[PDB]
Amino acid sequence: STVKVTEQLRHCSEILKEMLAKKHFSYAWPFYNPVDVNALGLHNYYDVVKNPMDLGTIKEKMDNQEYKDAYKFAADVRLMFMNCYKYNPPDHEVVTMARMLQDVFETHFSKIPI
């Protein structure tokens, strides 16, 4: 509602658009949707990951205006990467893709106005 916050969220929407861009598909695609625990066979996933997150949910939460400011948004993004890091062994390819995508995110998020 404040302009400061309104502008923070526009920047966040732009950051979300960036990581959804075809440019980053080859390492962003597993984060477009929730981890499909059943289809994949990850019997321990919800034991390890108490709060799943994914880019499609973040897009919908933004669309529903559920982020009060930029840091609430960054927390969901960072939760998504942390979930990947915590569940997978460090050399699984999805962890490399998560690091790559997180470097995209933090590069753009570090420019948000102070």
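Between two forms, the rigid core is defined as the largest C-alpha subset superposing within 1.5 Å. Position 1 is the first residue in the sequence shown; the rest follow in order.
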Worksheet item: Which of these two stretches, 33 to 41 or 69 to 77, has the larger RMS Cα offset in 4 other deposited structures of this protein when the rigid core is kept aligned?
Response: 33 to 41
Practice prompt. For the higher mean C-alpha B factor in the entry, choose 38 to 46 or 51 to 59.
Written response: 38 to 46
Worksheet item: On average, which has the higher Cα B-factor in the deposited entry, 18 to 26 or 96 to 104?
Response: 18 to 26
Discussion item. Quick check for you: using the entry's CA B-factors within this chain, is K72 in the lowest, middle or highest third?
Written reply: middle
Discussion item. Which third, lowest, middle or highest, does the C-alpha temperature factor of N33 belong to within its own chain?
Written reply: middle
